[PDB]
Amino acid sequence: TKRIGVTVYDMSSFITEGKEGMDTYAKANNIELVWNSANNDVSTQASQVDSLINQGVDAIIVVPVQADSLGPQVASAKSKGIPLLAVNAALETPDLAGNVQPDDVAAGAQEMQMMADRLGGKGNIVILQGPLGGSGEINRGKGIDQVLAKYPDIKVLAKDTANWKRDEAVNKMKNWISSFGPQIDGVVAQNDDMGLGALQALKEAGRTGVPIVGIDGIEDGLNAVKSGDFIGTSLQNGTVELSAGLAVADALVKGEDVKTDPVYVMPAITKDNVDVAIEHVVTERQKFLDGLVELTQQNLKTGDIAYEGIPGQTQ
Ligand SMILES: OC[C@@H](O)[C@H](O)[C@@H](O)CO
Ligand SMILES: [Cl-]
Ligand SMILES: [Cl-]
Ligand SMILES: [Cl-]
Ligand SMILES: [Cl-]
Ligand SMILES: [Cl-]
Ligand SMILES: [Cl-]
Ligand SMILES: [Cl-]
Ligand SMILES: [Cl-]
Ligand SMILES: [Cl-]
Ligand SMILES: [Cl-]
Ligand SMILES: [Cl-]
Ligand SMILES: [Cl-]
Ligand SMILES: [Cl-]
Ligand SMILES: [Cl-]
Ligand SMILES: [Cl-]
Ligand SMILES: [Cl-]
Ligand SMILES: [Zn+2]
Ligand SMILES: [Zn+2]
Ligand SMILES: [Zn+2]
Ligand SMILES: [Zn+2]
Ligand SMILES: [Zn+2]
Ligand SMILES: [Zn+2]
Ligand SMILES: [Zn+2]
Ligand SMILES: [Zn+2]
Ligand SMILES: [Zn+2]
Ligand SMILES: [Zn+2]
Ligand SMILES: [Zn+2]
């Protein structure tokens with residue numbers, strides 16, 4: 001019955017894994033999802049919002065390219081009574097109908113504290129950032145900086161974007177390896193994708209056992225934690241977070257009272273608990289999807305939208 005449009009920045013590993021979850025929720029709830037991807041381009045995303053408005057969809061979910069963007073389109077959707085939600089990354093506009101977000105400051109602090117722990121509070125690092133001007137970089141960078149403020153003996157040799165992408169991270173890391181070589185004691189990657197690119201560059205430079213930390217717990221990232229290629233990651237299960245987003249949108253379409261601003265808090269993943277994340281994200285995905293609508297509805301009541309039974313979460 002209901003048609004809900006989705007426009008995402010790009011089909012990143014996080015979004016790709018999460019789409020299966022969103023689609024599972026949609027099928028169970030008589031929602032037709034209209035997928036669009038913006039190729040990392042603000043103007044393309046603006047065009048996709050506008051087309052969804054024109055089509056007269058029941059609701060619109062945006063996973064934005066840039067935080068300071070889409071004002072006219074958000075205004076337009078609100079003026080026409082079409083609920084528009086930001087999910088996964090943030091917008092600056094005051095006109096959202098909902099706003100379903102990770103605590104990216106906390107995630108950035110958590111990854112940086114994993115590295116400080118690994119390094120014993122001393123060493124030189126490099127930092128790979130998400131797309132500049134996206135809330136992911138802005139907020140993960142705040143959290144990283146909060147932790148760096150406590151470690152005078154940790155030095156950042158370089159920071160730059162690799163736009164969430166593995167192969168851009170390979171190239172950036174190759175430049176830094178050329179510039180700074182075995183001065184690099186660790187890599188702090190704002191997502192798993194970029195940390196995996198950094199791993200590849202290090203491997204090619206003959207360099208083994210350099211600590212790397214990531215964010216997301218995508219399939220390859222979890223495998224890296226399990227093998228010791230990564231020191232850890234922070235779980236951002238897209239199947240859970242994106243279906244939470246859709247469930248808030250569905251509730252708005254239905255005129256239901258709902259928490260419109262829930263927060264996804266990413267649990268720490270290490271060798272201690274990685275096995276359970278691997279079951280849910282990698283090896284028993286279909287089983288996890290079969291439980292997702294029920295999980296989503298339960299979590300919507302507590303507000304704890306990240307809960308999925310990972311060791312360390314609230315029991
Ligand atoms: O900022 C929005 C992005 O989707 C991030 O949440 C992911 O961690 C990137 O892999
Ligand atoms: Cl993937
Ligand atoms: Cl699917
Ligand atoms: Cl598949
Ligand atoms: Cl599908
Ligand atoms: Cl922390
Ligand atoms: Cl803590
Ligand atoms: Cl710890
Ligand atoms: Cl050092
Ligand atoms: Cl050292
Ligand atoms: Cl920094
Ligand atoms: Cl690749
Ligand atoms: Cl390649
Ligand atoms: Cl690669
Ligand atoms: Cl993956
Ligand atoms: Cl903790
Ligand atoms: Cl599948
Ligand atoms: Zn699949
Ligand atoms: Zn699908
Ligand atoms: Zn916070
Ligand atoms: Zn902690
Ligand atoms: Zn610690
Ligand atoms: Zn050193
Ligand atoms: Zn900084
Ligand atoms: Zn590659
Ligand atoms: Zn190569
Ligand atoms: Zn994946
Ligand atoms: Zn919780």
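Atom set for the values below is all heavy atoms of this structure, side chains included, hydrogens, waters and symmetry mates excluded. Start at 1 and go down the list; that is how both ligands and their atoms are numbered. Residue indices begin at 1 and follow the sequence shown.
Taking 4.0 Å as the cut-off between side-chain N and carboxylate O, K174 and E204 count as a salt-bridged pair. Salt-bridge check for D104 with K142: failed, with every basic side-chain N at 4.0 Å or more from each acidic carboxylate O.
Looking only at its N/O/S atoms, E17 has OE2 as the one nearest to the Zn ion (ligand 27). Taking the Zn ion (ligand 23) as reference, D185 places its N/O/S atom OD2 nearest.
One finds the CE atom of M266 at 13.5 Å from the CD1 atom of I310 (value rounded to the nearest 0.5 Å).
With a 4.5 Å cut-off on side-chain heavy atoms, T24 and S243 do not count as touching.
With a cut-off of 2.8 Å, the Zn ion (ligand 27) has an N, O or S atom of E219 in range.
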